[PDB]
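Below you'll find the structure, written out as structure tokens, and then a few comments.
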Amino acid sequence: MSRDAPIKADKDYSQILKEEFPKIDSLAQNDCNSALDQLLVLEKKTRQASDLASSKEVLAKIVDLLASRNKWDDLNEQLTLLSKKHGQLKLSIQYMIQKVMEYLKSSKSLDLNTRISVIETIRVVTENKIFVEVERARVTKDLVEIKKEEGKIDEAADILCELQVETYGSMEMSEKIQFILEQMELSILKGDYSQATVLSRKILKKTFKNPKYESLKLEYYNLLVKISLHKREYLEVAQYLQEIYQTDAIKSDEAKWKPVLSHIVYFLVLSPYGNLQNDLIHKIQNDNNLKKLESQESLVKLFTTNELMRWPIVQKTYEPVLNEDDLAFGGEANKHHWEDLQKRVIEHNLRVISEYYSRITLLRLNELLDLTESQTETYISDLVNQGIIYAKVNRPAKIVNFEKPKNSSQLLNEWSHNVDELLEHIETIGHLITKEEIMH
Amino acid sequence: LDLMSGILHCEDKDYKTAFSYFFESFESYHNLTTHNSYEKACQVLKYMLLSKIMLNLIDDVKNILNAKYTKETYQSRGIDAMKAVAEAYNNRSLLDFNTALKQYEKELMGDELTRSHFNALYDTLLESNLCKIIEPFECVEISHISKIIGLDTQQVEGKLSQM
């Protein structure tokens, strides 16, 4: 409020209490409660100005209460009581409540006391959506930090995550992101990747465009890669790394853009081959930055050219090179992702063979693929289901025909085209004979 | 009354009506004070999932199945059975269905409704496996079919001729 009766008169009276500040201090020792009463008695006003000056005294006392690793119990009831009475307004206290919090971080008190006093603050403010909301969150992440380290991580994870669904208040946009990224983090360790997806679609790519959140964007994208790796979505890992790449800062600096680009190659080759794969792999072929690299240049350029190549050797070839690097390939866990590269090689070979070979014997196709009869046939089946190729197989070991099923329509429509093209040619020839008369 | 109507419309070999009935009874049990109804929330769930299997629309089995309910508050022997059998149909594989019931055999006995509909399941799935095998081939030996499906030469000839 703005009540004019306790401006100066009361200010002057608190200064008179400042002079009595040693008398209160000496009282505390004889009885903590008498020193306390006096300062509680001073505060009843609802004049904001004098509220902050009086509460400042009460706050100095709480320094002593918190310092003492036993008095601090009393502090729990008092904050609770100050809430309980009426308060003095929705503006007033709620600044002071923060100086309550400020002190806790720096005391470096016994874990036990800290914990109790902290659960009592979130208790006091729980429901409330005035200023306090922001602060509730500031302290809740701290209660989490303690339980995080313990074996109580599961309990920690569920509380943290629960809170932030609703906190969307006065809070600056930067801080919202921060909390959210933290939430994703505990959910990696818990191992429900499905949970983490729900959380992630909260933050928006519109936000990140603002340069204020630059550093935030890198951690955010870094995390998104992780989510996708667990569920073996290889293309989806590629799309997210490509967004980082385009962050200008990293881009221009040599040493920092280097690893990023390497990663992208690995995952782009592992993606299910398809229309997305294709348009994306000629962007990497075009990429100038790629040709300065030579270890990765030599890998992409192989798979783009249609000249087939047998697995046993390509394995060998890039093993002492790329298995060295991390993500996708790398150590021991990483080898159970490396494996997939095999599969990639043969569905590229088959793919080339459908185009060039219209007819091929089945025994020969096995020889080329370097696989026994039973695996070869499994794989052909898998490709037609996926629609990559058209196939007709014969098991008594006759022929496998990739040729287009030759329909009525195809013969006629192609013939239709041809004829217009002819007519078009004759005309063109005609313009140019005119030209040659002038020349000659 | 709902659950009982569910059991009956299922036997009349209509599975649209079957789902709707087994929804109402699930919602009732779920929210009621359990004193014995936990058991009957359990019975309902197994039969609800049944409707989707026969309907051959198993994308919705794994959709319903989630952490919210089937994992936290209903984790039972029937969940492990039902989920394997759903997955087997999605595969369109006879081999997986057979393996699923050998080791979940006492769950299949224990539900008289499930058991009945599982002979039928055998038969419509028998189809699913064969079709997949001969789809890329032309002029495929019958010996090759016979091994994979894991049923005798002559038995197969009679089925194919029927198909």
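FYI the Cβ positions are ideal-geometry reconstructions off the backbone, even for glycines, and counts take in every protein chain you see. Read-outs: derived from the displayed coordinates by stated rules, not from any lab.
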Report summary line: Rounded to the nearest whole number, the per residue volume of the convex hull around the C-alpha atoms of the range A:31-356 in Å³ is 169 Å³
Report summary line: Charge tally for neighbours of residue B:9 with beta carbon under 14 Å away, counting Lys, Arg as +1 and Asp, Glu as -1, is -3
Query raised in the report: Are there trypsin sites (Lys or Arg not before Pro) in the range A:322-406 that DSSP puts in a loop and that have at most 13 other Cβ atoms within 10 Å, and which ones?
Result: A:398, A:406
Report task. May I ask you to evaluate 6.51 cos²θ - 1.76 cosθ + 1.60, the Karplus curve with θ = phi - 60°, for each residue of the range A:19-25 and list the ³J(HN,Hα) values in order in whole Hz, giving x for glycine and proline? Result -> 6, 8, 3, x, 6, 5, 5
Report summary line: Quick shape check on the range A:357-405: root eigenvalues a ≥ b ≥ c of the Cα gyration tensor, a/c under 1.5 is rounded, otherwise prolate if a/b tops b/c, else oblate, and it reads oblate
Requested in this report: In a Gaussian network model over chain A where Cα atoms closer than 10 Å are linked, find which of A:421, A:254, A:243 has the largest mean-square fluctuation.
Outcome: A:421
Query raised in the report: In terms of modelled amide H atoms, which long-range or inter-chain residues lie less than 5 Å from the amide H of residue A:392?
Result: A:401
Report summary line: With +1 at each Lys and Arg Cβ and -1 at each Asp and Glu Cβ, the charge dipole magnitude of chain A around its Cα centre, to the nearest 20 debye, comes out at 880 debye
Query raised in the report: Hey, what do the phi angles of the range A:117-125 turn into as Karplus ³J(HN,Hα) couplings, whole Hz, using 6.51/-1.76/1.60 and θ = phi - 60°, x for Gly and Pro?
Result: 5, 6, 5, 5, 7, 5, 4, 5, 9
Query - GluC sites (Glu not before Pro) lying in DSSP loop within the range B:31-103, provided at most 12 other Cβ fall within 10 Å - result: B:72
Report task. Report ³J(HN,Hα) in whole Hz for each residue of the range A:413-429, in order, from the Karplus equation J = 6.51 cos²θ - 1.76 cosθ + 1.60 where θ = phi - 60°; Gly and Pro get x. Result -> 6, 4, 5, 4, 4, 4, 4, 4, 4, 4, 4, 5, 4, 5, 4, 5, 4
Requested in this report: Name the long-range amide H neighbours of residue A:360: under 5 Å, sequence gap of 5 or more, or other chain; modelled H, no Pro or chain starts.
Outcome: A:400, A:402
Report task. Give, as a single signed number, the net charge of other residues whose beta carbon lies under 9 Å from the beta carbon of residue B:77, with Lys and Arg counted +1 and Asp and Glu -1. Result -> -1
Query raised in the report: How crowded by other chains is B:136-145, given as the mean number of beta carbons from other chains within 10 Å of each beta carbon?
Result: 5
Query - Under 14 Å, Cβ to Cβ, from residue A:222 - net charge with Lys/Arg +1 and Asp/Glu -1 - result: -3
Report task. Find the percent of Cα-Cα distances in the protein assembly as shown that exceed 45 Å, and round it to a whole number. Result -> 49 percent
Report task. Just check chain B against the gyration tensor rule for me: Cα atoms, a ≥ b ≥ c as the square roots of the eigenvalues, rounded for a/c under 1.5, and otherwise prolate or oblate depending on whether a/b exceeds b/c. Result -> prolate
Report summary line: Projected onto the charge dipole of the protein assembly as shown (unit charges on the beta-carbon of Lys, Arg, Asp and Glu, signs +1, +1, -1, -1), the Cα from B:73, A:234, A:114 with the largest positive-side position is that of A:114
